[PDB]
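Structure file upload.cif with mmCIF, C-alpha atoms and all ligand atoms:
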```
data_target
#
loop_
_atom_site.label_atom_id
_atom_site.label_comp_id
_atom_site.auth_asym_id
_atom_site.auth_seq_id
_atom_site.Cartn_x
_atom_site.Cartn_y
_atom_site.Cartn_z
CA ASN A 1 7.44 29.37 0.07
CA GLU A 2 9.10 28.93 -3.32
CA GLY A 3 10.31 26.08 -1.12
CA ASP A 4 13.98 26.18 -2.11
CA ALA A 5 16.01 23.36 -0.58
CA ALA A 6 19.26 25.07 -1.54
CA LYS A 7 18.21 27.27 1.37
CA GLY A 8 16.46 24.27 2.91
CA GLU A 9 19.59 22.15 3.30
CA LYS A 10 21.66 25.16 4.35
CA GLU A 11 19.31 25.40 7.33
CA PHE A 12 19.24 21.66 8.04
CA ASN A 13 22.29 23.02 9.86
CA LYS A 14 19.65 23.78 12.48
CA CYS A 15 18.22 19.84 12.79
CA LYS A 16 21.84 18.13 12.10
CA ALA A 17 23.08 18.02 15.69
CA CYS A 18 19.68 15.63 16.84
CA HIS A 19 19.10 14.47 13.69
CA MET A 20 21.08 11.95 10.94
CA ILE A 21 20.15 11.87 7.26
CA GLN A 22 22.00 8.75 6.11
CA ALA A 23 20.44 6.29 3.68
CA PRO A 24 19.89 2.53 3.86
CA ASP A 25 23.64 2.95 3.39
CA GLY A 26 25.79 6.08 3.48
CA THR A 27 25.28 9.51 5.04
CA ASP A 28 24.11 12.62 3.21
CA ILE A 29 24.75 15.35 5.78
CA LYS A 30 25.91 13.98 9.13
CA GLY A 31 23.96 14.51 12.34
CA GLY A 32 23.60 13.69 16.04
CA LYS A 33 21.97 10.35 16.81
CA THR A 34 19.54 12.04 19.19
CA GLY A 35 16.80 12.14 16.55
CA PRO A 36 15.88 9.76 13.74
CA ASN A 37 17.19 9.47 10.19
CA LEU A 38 15.54 12.52 8.63
CA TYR A 39 16.14 10.97 5.22
CA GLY A 40 13.02 9.34 3.79
CA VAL A 41 10.43 10.93 6.07
CA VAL A 42 8.53 12.44 3.14
CA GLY A 43 6.61 9.39 1.94
CA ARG A 44 7.36 7.53 5.27
CA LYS A 45 4.94 6.93 8.18
CA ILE A 46 5.03 8.90 11.44
CA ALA A 47 7.51 7.07 13.67
CA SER A 48 8.14 4.02 11.50
CA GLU A 49 11.94 4.07 11.31
CA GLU A 50 13.26 1.31 13.57
CA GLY A 51 15.38 0.97 16.71
CA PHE A 52 15.01 4.47 18.12
CA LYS A 53 13.35 5.63 21.34
CA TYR A 54 10.23 7.36 20.03
CA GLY A 55 8.37 9.69 22.39
CA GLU A 56 5.23 7.88 23.56
CA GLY A 57 2.97 10.36 21.77
CA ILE A 58 4.00 10.11 18.12
CA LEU A 59 3.73 6.41 18.96
CA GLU A 60 0.07 6.39 19.98
CA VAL A 61 -0.91 8.75 17.17
CA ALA A 62 0.90 6.65 14.57
CA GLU A 63 -1.46 4.19 16.24
CA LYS A 64 -4.77 6.06 16.12
CA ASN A 65 -3.73 6.83 12.55
CA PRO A 66 -2.08 3.68 11.21
CA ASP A 67 -2.41 6.07 8.27
CA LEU A 68 0.00 9.00 8.46
CA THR A 69 2.88 8.95 5.99
CA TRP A 70 4.57 12.29 6.68
CA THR A 71 3.50 14.33 3.65
CA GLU A 72 5.71 17.40 4.02
CA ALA A 73 2.77 19.74 4.58
CA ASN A 74 2.80 17.78 7.83
CA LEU A 75 6.56 18.30 7.90
CA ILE A 76 5.93 22.03 7.63
CA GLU A 77 3.48 21.92 10.54
CA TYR A 78 5.32 19.49 12.81
CA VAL A 79 8.72 21.19 12.87
CA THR A 80 7.03 24.59 13.01
CA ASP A 81 6.13 23.70 16.60
CA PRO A 82 5.51 19.98 17.07
CA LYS A 83 3.69 19.57 20.38
CA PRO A 84 0.75 21.50 18.94
CA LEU A 85 0.42 18.91 16.08
CA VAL A 86 1.53 15.93 18.14
CA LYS A 87 -1.04 16.52 20.88
CA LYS A 88 -3.96 18.12 19.05
CA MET A 89 -3.88 14.86 17.09
CA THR A 90 -4.13 12.37 19.95
CA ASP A 91 -6.22 15.02 21.71
CA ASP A 92 -4.29 13.80 24.74
CA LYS A 93 -3.05 17.07 26.22
CA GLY A 94 0.46 16.76 27.64
CA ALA A 95 2.03 15.76 24.33
CA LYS A 96 5.65 15.52 25.47
CA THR A 97 7.62 15.16 22.24
CA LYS A 98 11.34 14.39 22.29
CA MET A 99 11.75 17.18 19.89
CA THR A 100 11.95 20.72 21.31
CA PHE A 101 13.27 22.66 18.32
CA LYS A 102 10.64 25.21 17.30
CA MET A 103 11.29 26.41 13.72
CA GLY A 104 9.17 29.39 12.71
CA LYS A 105 10.76 31.30 9.83
CA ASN A 106 11.36 29.01 6.86
CA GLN A 107 9.08 25.97 6.70
CA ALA A 108 8.28 24.82 3.17
CA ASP A 109 11.81 25.84 2.21
CA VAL A 110 12.72 22.83 4.34
CA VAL A 111 10.02 20.21 3.83
CA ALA A 112 11.08 20.98 0.26
CA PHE A 113 14.58 19.61 0.86
CA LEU A 114 13.34 16.67 2.91
CA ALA A 115 10.63 15.96 0.34
CA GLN A 116 13.58 15.39 -1.99
CA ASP A 117 15.76 13.05 0.06
CA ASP A 118 12.94 10.53 0.45
CA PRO A 119 12.67 10.16 -3.32
CA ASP A 120 9.61 7.91 -3.08
CA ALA A 121 6.25 9.66 -3.36
CA UNK A 122 6.13 7.13 -6.19
CA UNK A 123 5.07 9.68 -8.80
CA UNK A 124 1.88 9.70 -6.73
CA UNK A 125 0.68 6.86 -4.51
CA UNK A 126 -1.06 4.37 -2.22
CA UNK A 127 -4.11 5.90 -0.56
CA UNK A 128 -5.41 9.42 0.05
CA UNK A 129 -7.36 10.11 3.20
CA UNK A 130 -6.04 13.49 3.91
CA UNK A 131 -2.82 14.15 5.81
CA UNK A 132 -1.92 10.65 4.64
CA UNK A 133 -1.73 9.36 1.07
CA UNK A 134 1.56 7.46 1.14
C1 LIG A 201 13.99 21.62 11.46
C2 LIG A 201 15.03 20.64 11.90
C3 LIG A 201 14.29 19.40 12.28
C4 LIG A 201 13.29 18.97 11.68
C5 LIG A 201 12.86 19.34 10.19
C6 LIG A 201 12.73 17.89 12.41
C7 LIG A 201 11.73 16.95 11.89
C8 LIG A 201 11.12 15.82 12.75
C9 LIG A 201 10.08 14.89 12.21
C10 LIG A 201 9.42 15.01 10.87
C11 LIG A 201 9.82 13.98 13.33
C12 LIG A 201 8.80 12.77 13.35
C13 LIG A 201 9.37 11.59 12.68
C14 LIG A 201 8.69 10.24 12.94
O1 LIG A 201 7.42 10.37 12.92
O2 LIG A 201 9.28 9.45 13.10
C15 LIG A 201 10.71 14.30 14.43
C16 LIG A 201 10.75 13.56 15.60
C17 LIG A 201 11.78 13.93 16.74
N1 LIG A 201 12.73 14.97 16.72
FE1 LIG A 201 13.05 16.40 15.22
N2 LIG A 201 13.34 17.76 13.61
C18 LIG A 201 14.31 18.81 13.61
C19 LIG A 201 15.35 19.22 14.66
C20 LIG A 201 15.45 18.36 15.87
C21 LIG A 201 16.40 18.60 16.86
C22 LIG A 201 17.44 19.81 16.80
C23 LIG A 201 16.22 17.62 17.88
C24 LIG A 201 17.16 17.41 19.07
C25 LIG A 201 17.53 18.79 19.75
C26 LIG A 201 15.15 16.77 17.51
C27 LIG A 201 14.54 15.64 18.30
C28 LIG A 201 13.42 14.81 17.85
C29 LIG A 201 12.96 13.71 18.64
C30 LIG A 201 13.41 13.19 19.96
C31 LIG A 201 11.88 13.20 17.91
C32 LIG A 201 11.15 12.00 18.37
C33 LIG A 201 9.84 12.47 18.80
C34 LIG A 201 9.05 11.23 19.50
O3 LIG A 201 9.37 10.15 19.34
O4 LIG A 201 8.05 11.37 20.16
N3 LIG A 201 14.69 17.26 16.31
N4 LIG A 201 11.46 15.42 14.01
#
```
For the file at hand, write its structure as structure tokens.
Amino acid sequence: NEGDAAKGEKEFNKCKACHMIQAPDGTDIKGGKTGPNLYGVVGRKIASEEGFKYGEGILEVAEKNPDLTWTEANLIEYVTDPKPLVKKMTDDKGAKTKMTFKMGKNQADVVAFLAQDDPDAXXXXXXXXXXXXX
């Protein structure tokens, strides 16, 4: 749980194919365009990132919770098995997701790494209400 990242990035080898890292400019890692830029996230806002085809669910939830800025404790949950977070949260059963990867062995190890890439947590903040605070 010692959330590495060394191990965390190694594994990213398991998101890379759906997912890009890139920055407002160049690309750390290199990954399929299926899924969004995974860079930033941590600090972000569920589904913000523009010009992608977000699954309708994350979309409505981002909505019910104009709040949610992907901590990385959310990252841990989500990726673990995302429907059960997405869903649960809208309460609307029949999540859907566009993400089907289920990752159940090394969670924090990863959020760790992705916490890092999105360097802004700003030392601290911008809000609070649990789950959010970004
Ligand atoms: C553990 C490796 C990966 C992690 C850590 C991960 C993380 C995430 C996160 C945090 C989101 C929500 C972002 C937002 O709110 O915008 C997301 C959305 C998504 N992911 Fe992944 N992901 C992983 C692997 C993959 C893979 C392998 C695929 C393709 C096979 C994929 C497809 C998607 C899609 C389509 C969405 C959009 C969901 C929607 O709009 O409703 N992901 N992912």
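Neighbourhood of point (15.5, 21.8, -3.0): residues with an atom at most 8 Å away, counting only C-alpha atoms, are residues 3, 4, 5, 6, 7, 8, 9, 109, 110, 112, 113 and 116 of chain A.
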Atoms kept (C-alpha atoms) for selection, written as a tab-separated table (two decimals), in the coordinates of the input:
```tsv
chain	number	residue	atom	x	y	z
A	3	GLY	CA	10.31	26.08	-1.12
A	4	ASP	CA	13.98	26.18	-2.11
A	5	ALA	CA	16.01	23.36	-0.58
A	6	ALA	CA	19.26	25.07	-1.54
A	7	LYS	CA	18.21	27.27	1.37
A	8	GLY	CA	16.46	24.27	2.91
A	9	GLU	CA	19.59	22.15	3.30
A	109	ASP	CA	11.81	25.84	2.21
A	110	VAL	CA	12.72	22.83	4.34
A	112	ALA	CA	11.08	20.98	0.26
A	113	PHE	CA	14.58	19.61	0.86
A	116	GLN	CA	13.58	15.39	-1.99
```
Given 9 Å and all atoms listed in the file, residues near ligand LIG 201 (chain A) as an MDAnalysis selection string: chainID A and resid 11:19 32:38 41:42 44:49 52:59 62 68:70 72 74:76 78:80 82 86 95:103 107 110:111 114
With distances taken over all atoms listed in the file, the candidate from A:40, A:24, A:31, A:94 nearest residue 71 (chain A) is A:40
Edge lengths and centre in Å to one decimal, as lines of an AutoDock Vina configuration file, is what I'm after for the box along x, y and z that holds all listed atoms of region 83-101 of chain A once 8 Å is added on each side.
```
center_x = 3.5
center_y = 17.5
center_z = 21.9
size_x = 35.5
size_y = 26.3
size_z = 27.6
```
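Among the candidates A:20, A:61, A:29, A:108, the one nearest to residue 91 (chain A) when counting only C-alpha atoms is A:61.
Using all atoms listed in the file for every distance, the candidate list A:27, A:1, A:90, A:65 yields A:27 as the residue closest to residue 117 (chain A).
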Residue neighbourhood residue 134 (chain A), 6 Å, only C-alpha atoms, exclusion window fewer than 4 positions, as a VMD selection string = chain A and resid 43 69 125 to 126
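Coordinates place CA of residue 118 (chain A) at a distance of 21.7 Å from CA of residue 85 (chain A).
The closest residue to residue 21 (chain A), picked from A:73, A:39, A:133, A:87 and counting all atoms listed in the file, is A:39.
As for CA of residue 119 (chain A) and CA of residue 88 (chain A), they are spaced 29.0 Å apart.
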CA of residue 81 (chain A) to CA of residue 104 (chain A) measures 7.5 Å
